[PDB]
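Enquirer: fold the stuff below for me.
(chains A, B, C and D, ligands or ions: 1)
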Amino acid sequence: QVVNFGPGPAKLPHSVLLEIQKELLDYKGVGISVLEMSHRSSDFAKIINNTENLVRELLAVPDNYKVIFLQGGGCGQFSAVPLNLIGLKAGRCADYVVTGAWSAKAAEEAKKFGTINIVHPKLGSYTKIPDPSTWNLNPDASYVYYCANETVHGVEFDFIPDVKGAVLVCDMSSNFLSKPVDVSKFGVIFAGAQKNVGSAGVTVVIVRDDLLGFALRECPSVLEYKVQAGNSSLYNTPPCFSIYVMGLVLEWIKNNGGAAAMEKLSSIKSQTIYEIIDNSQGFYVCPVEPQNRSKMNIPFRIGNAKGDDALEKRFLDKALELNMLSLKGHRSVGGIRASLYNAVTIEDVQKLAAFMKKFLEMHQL
Amino acid sequence: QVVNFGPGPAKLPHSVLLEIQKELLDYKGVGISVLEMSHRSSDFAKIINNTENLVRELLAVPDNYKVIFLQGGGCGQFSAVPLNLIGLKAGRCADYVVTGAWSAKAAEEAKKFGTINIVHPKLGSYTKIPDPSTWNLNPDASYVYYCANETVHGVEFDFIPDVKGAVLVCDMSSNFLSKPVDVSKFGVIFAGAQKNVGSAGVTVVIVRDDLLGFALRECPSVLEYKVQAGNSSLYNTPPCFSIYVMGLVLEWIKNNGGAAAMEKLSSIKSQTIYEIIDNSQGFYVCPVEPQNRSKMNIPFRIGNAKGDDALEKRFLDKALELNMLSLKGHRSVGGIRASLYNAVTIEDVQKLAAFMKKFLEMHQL
Amino acid sequence: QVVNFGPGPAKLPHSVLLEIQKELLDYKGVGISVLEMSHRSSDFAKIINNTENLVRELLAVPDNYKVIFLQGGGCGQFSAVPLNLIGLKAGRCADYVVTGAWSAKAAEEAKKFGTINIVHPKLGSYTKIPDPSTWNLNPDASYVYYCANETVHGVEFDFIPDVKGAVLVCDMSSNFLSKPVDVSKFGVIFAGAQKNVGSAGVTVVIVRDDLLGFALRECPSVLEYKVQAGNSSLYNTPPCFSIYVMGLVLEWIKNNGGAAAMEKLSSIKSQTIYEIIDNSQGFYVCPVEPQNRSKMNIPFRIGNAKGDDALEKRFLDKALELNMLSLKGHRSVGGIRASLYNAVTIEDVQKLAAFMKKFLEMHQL
Amino acid sequence: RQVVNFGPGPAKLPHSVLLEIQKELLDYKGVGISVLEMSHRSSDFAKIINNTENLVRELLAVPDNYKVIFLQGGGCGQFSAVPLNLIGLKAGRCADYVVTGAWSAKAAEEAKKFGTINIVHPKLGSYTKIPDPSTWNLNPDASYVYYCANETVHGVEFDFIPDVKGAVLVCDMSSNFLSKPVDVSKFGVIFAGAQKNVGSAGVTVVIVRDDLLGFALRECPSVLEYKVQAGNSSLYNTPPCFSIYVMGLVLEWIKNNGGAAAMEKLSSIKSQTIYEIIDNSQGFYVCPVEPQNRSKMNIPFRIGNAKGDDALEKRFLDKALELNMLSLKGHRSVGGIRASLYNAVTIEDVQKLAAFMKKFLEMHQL
Ligand SMILES: Cc1ncc(COP(=O)(O)O)c(/C=N/[C@@H](COP(=O)(O)O)C(=O)O)c1O
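Expert: Residues are numbered from 1 along each chain as shown, chains lettered A, B, ... in the order given. Below, you will see the structure:
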């Protein structure tokens, strides 16, 4: 009955959890758990190679790219990306596009490893994407960074921005494998698995093979792309269970139609909620501009643009009473945030859509 | 049945694995999985806090020590310890006591963050602990590092070394909570969970509160002791499932007598195997001197001190037939290695002892 | 359990059936049943007018197109469209495109009212759409008739054919509102409600308001478009409960994203089965050319192109054991047929997908 | 306050029937699906439509040489189907019609699209009597003879089977089907829309003598041709599945309540109660129908005088609505008031109308 709208960690497919439970003590007859499996065993090698193959198949990752699994989460790459690539040009300069709290947090962290320049003026509110033609690009910057889907503010890119040839690093934790991606146009793609492709503990990094070996001396070996790609993500003990869990979610995404089907489902799910917001006569207020609205995270306010606290509290109370969890928005924005990742089914969204329709009919004047 | 002598990741109690399977779809009635549980929820707040209380209770950790859980493994702390502590004194000096492959791997990693001096002369073989008298310690060094138990060579510190009052950093990955420890005498203790306390993905780090804030600028925020201690290991999304697993094994260690029983049990298991080697008339050979023999990892050879490849291959084949897994020694030293961690029961080592006894009764001339 | 893959009548949305049950004895407080309700009441006026507005909204029906609700089902319009239109031009001639059994049946029925020419050469097997250019069109033919989706053979038009300006009559019974349709290019559209939009009893007809009045003298008044349009489908007692049922299913279609979202789900469901048949190495055989493959009805054979009767029997038996109903193919073609109409959810097709995968895994040589 | 539904068609259904439909609306008898989801070619629905035909034959004593089929199109559809299937029975394509009200007139007009229609009796100044059969001018070369047993709008009902000198007899019993026993052997075709007396709207029952098939015209739709449908056992195409299932439940209800024989005596009790209030009303209620042709199903009347007091008739219908007595307003073509007393309308219901009519008269009569 529970409907999980968690932002990250998020809901996993009910079928996947069932298989994890069934073979938790005896993984496919081997006689041990995955939690007990040695990463150097023949059994676990099959698992991590399976997960890598699925990432390449679902995203159509070209052969000239390395797919590695690292620890540290998404914030772990906020440090790993500068340590590995800011030395690509001697200037130690990097361009960062700040559209929300996660690219903002990633830009601050990047200052520890070089001179970082934000490409646009600070917005009064994270409600739109600055026009790419208004970008002040440093031609001598090592790379250009941006976040494809801002989990907190609901700002999402529906394009690959033109960085005039610079190597492009992208933060896709909030929409990884929610749509087909042209991997060739990037330099490094990373995403914490705990949002749309698995459980917390493991982070996927897709690196172009010509960008290895530019890591600074202060880069940890466990976070250096050249080291981990040189050991097939087995330089040290990797999060074995988080990779096994992720492999099942990938297998689930494949059986449901790859990334092209996840793109269509995200359109149906997000639009079902957005139609109610646009037709709410101001009852529900999404501050993001229509052209940059996220399809994975929908933050809105109730009553007015600043939010009626009593009205939003009774919204979350009846939501919890109806067993719809984790609808409260992030602490920095407040209000309501609905997360609609791959595992969140249409029935889940329909449950919320009917609830938002009846909450309006009984509170709107 | 199956007996898992894994060196890391290693065997977990059957009591623990049974509970993880039972609650995997609906943890304690909340309606979701731990894999779906958000690290900001009151539910997960209870899990990670209870894990800290157990770490402080079972080890009797003083109140002036911070207990944080980080990603990256013990190989991650090989860079985190220099990042957080090598700037404790302006010289960027540190003393390392290489007693095995993991100690040497940590010192080599630490050379990217300062000037590393290996304390004692390089032994021809990792067969003993150099007497602490012969230790040449720079008194203006930031810290002194050593590995209490070497996984590949089976040399263990049955004492806390006298570093003449310097801050002491130790690597107890392979013997953490295998015995009581006087925490007050240490500066920083770190251990990977995956070979005595739980599943891979998380690392315990016990740091004295006065040692925070000396981190370098290149230290990733997810690996800075000051940062994670300020957010109670929730600065970013932590390995939620790995801390849930660790708490259950910690609870299991508590019900079975705590650290005082873990040392008494680890004596019976190591004595039962070491007496067989000492009575083999050369059939089994352990090159480690008895005053440094590990109670956790017992590597040995068959036939002669150099290793009879014919007898050792037949030893592992017959062992695999008896469903005794992961007895093959590390890929560098070769031979046999028996890991006798906390979850390894006395019945488990008795099956190994009976197998070693009868195997000698069929191949000794 | 129970997963209904019915050809027609087909599955209804579980939410709809729940509301029909809740208000069967007291429809919205009026005090009576819709079964007891008079078609000349103001209450049924809201019902039939709301159903009309949904047909107009969901299909974007122009204001110069009449929408009437008749009895007689699909085969009723096989006689209704010639009686109403074959006399548009003095020749009493009509062009008919036969792509399957249902277009052939309508072609045979039209022979009772004029000169009926089949446009293409007769096909050896209904596996492809004869290319629109090889069509022998009559310039003086009163109308051109084709079937958008052949329910028995799985041949669906993914395009609106060019008939050189003739009035176009299409039979969309088995794909009505499964995809957006350009109503302006059609002259008469009809669809039996029982397959994708309602329950058996009522037929939707969309007629351009300038094609009325060409009715032959022998056209029954209940089926004459001019008469029923001039009485708002109330010339006689209409199938009230069937119209009320369709109004709720149309409401369900709207709440789930309209005709745009139905098409995206149609592709996900249909391709999920087609991928299984194509990757089956000849175990499942679907004769339809891939460009004309229906997204609603998927008929195939098991074992070989001719069909392994013994193998197909275990399939339908085991499928019935798993509560997957009405998967037996049509009696004239045999074999299997999966009907994936609007109410059939992705969860349902995934069950059918996992079943076909395992069945192949256990019976292929 | 419970609703009293005097609906003229669609009309009231038995409460216990509506309870069963509601009960098994999502899981019909454990099959796992609804009747609304049921395939017409399944064994489950095969029992439903066969049990419905068996009930029609049993309750009406239909001889074995008659076909019982369930068609769509309502009664007005049969207005075309009867000439389409039968007007070609004789070469002249002639048909005799007996017009006693609005529905027999509407049927005679519709039959002119398929042949030469002749009304056998001189026109009636008002639909208040059945013209004496001795005054009928019957064509011996007519394919059939048509008449309407019960006129819903005008309240004129046959209490006899007319002698058509041996012709093929066709009768429209939609508003009195299974309200009384019928000697089916006297008829060639009997049809009745189910929405009025034996279920819900959507399906039409037709009883055809098996030797009358195969005279259909080329222009008869296959779904309305008796030969085609009787050959496929009403399953030439998808039939109104739910309406055939609802009809069987109403038929089973009639059987459990005494069958056609009991429905006739109950219809007498109900109609008498109202007709006695009218005749004793001293002109306050005015029913122009002559007593020997008064219908036991539909009782239309006026208030005040023969032409109708509109104010008094407006207060009557308004006070009846606040008492939850629905559909008492007469047909829009005649106006006035129409009380329909079909099988499902209980004696307690007619009593509520009877008491209200006595209280309304005691309060406005002069
Ligand atoms: C394309 C198309 N046109 C007409 C019909 C029939 O509608 P009806 O005339 O209302 O039955 C149908 C109904 N299809 C059903 C018909 O099955 P049937 O042979 O009637 O049992 C099927 O495919 O099984 C249809 O799919």
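
Enquirer: the residue lying closest to residue A:10 once chain neighbours are set aside and chain C: what is the separation?
Expert: Nearest residue to residue A:10 in three dimensions, chain neighbours excluded: residue A:341, at 4.8 Å (Cβ to Cβ, 6 or more residues apart in numbering or on different chains). (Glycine included, C-beta is placed from N, CA and C.) Using Cβ to the nearest Cβ, to the nearest Å, we find residue A:341 at a distance of 16 Å from chain C.

Enquirer: in three-state terms, label residue A:341 for me.
Expert: Of the three states, residue A:341 takes coil under DSSP: H, G, I helix; E, B strand; the rest coil.

Enquirer: doesn't residue A:9 make contact with it?
Expert: No. Look at residue A:341 against residue A:9 with Cβ atoms under 8 Å: they stay out of range, at 10.2 Å.

Enquirer: more neighbours, these two?
Expert: Ranked by neighbour count (other Cβ atoms under 10 Å in any protein chain shown), residue A:341 and residue A:9 place residue A:9 first, with 30 against 26.

Enquirer: quick check: phi and psi on residue A:65?
Expert: Main-chain torsions, residue A:65, degrees, to the nearest 10: phi -120, psi 140.

Enquirer: correction: the previous question concerned residue A:208.
Expert: phi -70, psi 130.

Enquirer: please name the residues that touch it.
Expert: A:64-66, A:167, A:186-188 (Cβ atoms under 8 Å, 6 or more residues apart in numbering or on different chains).

Enquirer: now for those residues: which two are most distant?
Expert: A:66 and A:167 (14.2 Å; Cβ to Cβ).

Enquirer: and for residue A:29, the neighbour number?
Expert: Residues within reach of residue A:29, counting by other Cβ under 10 Å, total 6.

Enquirer: any idea how far chain C is from it?
Expert: 17 Å.

Enquirer: so residue A:129 sits against residue A:103, correct?
Expert: No. In this structure, residue A:129 is not within contact of residue A:103 by Cβ under 8 Å, at 10.8 Å.

Enquirer: for chain A, which residue gets nearest to chain D?
Expert: Distances between chain A and chain D by Cβ to the nearest Cβ are smallest at residue A:347, namely 17.3 Å.

Enquirer: how many other residues sit next to that residue?
Expert: Neighbour count for residue A:347, taken as other Cβ under 10 Å: 15.

Enquirer: tell me which helix or strand it sits in.
Expert: Residue A:347 belongs to helix A:346-361 when assigned by DSSP states H and E.

Enquirer: got the buried residues for that helix?
Expert: A:346, A:348-353, A:355-356, A:359-360 (16 or more other Cβ atoms under 10 Å in any protein chain shown).

Enquirer: ok, the residue nearest to residue A:354 when sequence neighbours are not counted - contacts?
Expert: In this structure, residue A:354 finds its nearest non-sequential neighbour in residue C:255, 7.9 Å apart by Cβ to Cβ, 6+ apart. Taking Cβ under 8 Å, 6+ apart, we find residue C:255 in contact with A:272, A:350, A:353-354.

Enquirer: residue A:294 now?
Expert: Residue A:294 makes contact with A:149-150, A:154-156, A:174-175, A:270, A:288, according to Cβ under 8 Å, 6+ apart.

Enquirer: in strands only, show me those.
Expert: A:149-150, A:155-156 (DSSP state E).

Enquirer: going by distance to chain C, which of these wins?
Expert: Of all the ones in strands among the contacts of residue A:294, residue A:156 has the smallest distance to chain C: 18.8 Å, by Cβ to the nearest Cβ.

Enquirer: that closest one reaches residue A:147, doesn't it?
Expert: No. Between residue A:156 and residue A:147 there is no contact under Cβ under 8 Å: 9.3 Å.

Enquirer: the more surrounded of those two?
Expert: residue A:147 (30 against 25).

Enquirer: got the CA positions of stretch A:103-123 in CSV?
Expert: The C-alpha trace of stretch A:103-123 is given here as CSV (Å, rounded to 0.1, in the frame of the first residue of the first chain):
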residue,chain,number,x,y,z
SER,A,103,25.8,22.3,-9.1
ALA,A,104,26.3,25.1,-6.5
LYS,A,105,27.6,22.6,-3.9
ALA,A,106,29.8,21.1,-6.7
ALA,A,107,31.2,24.4,-7.7
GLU,A,108,32.2,25.3,-4.1
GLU,A,109,33.9,22.0,-3.6
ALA,A,110,35.8,22.5,-6.8
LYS,A,111,37.6,25.6,-5.4
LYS,A,112,39.7,23.3,-3.3
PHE,A,113,41.6,22.1,-6.4
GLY,A,114,41.8,25.2,-8.6
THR,A,115,40.4,28.5,-9.7
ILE,A,116,36.7,27.9,-10.5
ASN,A,117,34.6,30.5,-12.5
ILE,A,118,30.8,30.4,-12.6
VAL,A,119,29.7,31.0,-16.2
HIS,A,120,26.6,33.1,-15.6
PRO,A,121,25.3,35.7,-13.1
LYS,A,122,23.8,34.4,-9.9
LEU,A,123,20.1,34.0,-10.2
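
Enquirer: which outside residues touch that stretch?
Expert: Stretch A:103-123 has contacts (Cβ under 8 Å, 6+ apart) with A:75, A:78-79, A:81-83, A:86, A:91-98, A:130, A:134-138, A:141-142, A:144-147, A:150, A:171, A:216, A:218, B:217-221.

Enquirer: among the residues you listed, name the buried ones.
Expert: Applying 16+ other Cβ under 10 Å to the contacts of stretch A:103-123 flags A:75, A:78-79, A:81-83, A:86, A:92-98, A:130, A:135, A:137-138, A:141-142, A:144-147, A:150, A:171, A:216, A:218, B:218-221 as buried.

Enquirer: and those, which of them are in helices?
Expert: Mapping the buried ones among the contacts of stretch A:103-123 onto helices (DSSP state H) picks out A:75, A:78-79, A:81-83.

Enquirer: contacting chain D as well, which ones from these?
Expert: By Cβ under 8 Å from any Cβ of the partner chain, no member of these lies near chain D.

Enquirer: same question for stretch A:35-50: list its buried residues.
Expert: Going by neighbour count (16+ other Cβ under 10 Å), the buried part of stretch A:35-50 is A:35-41, A:44, A:47-48, A:50.

Enquirer: thanks a lot, catch you later.
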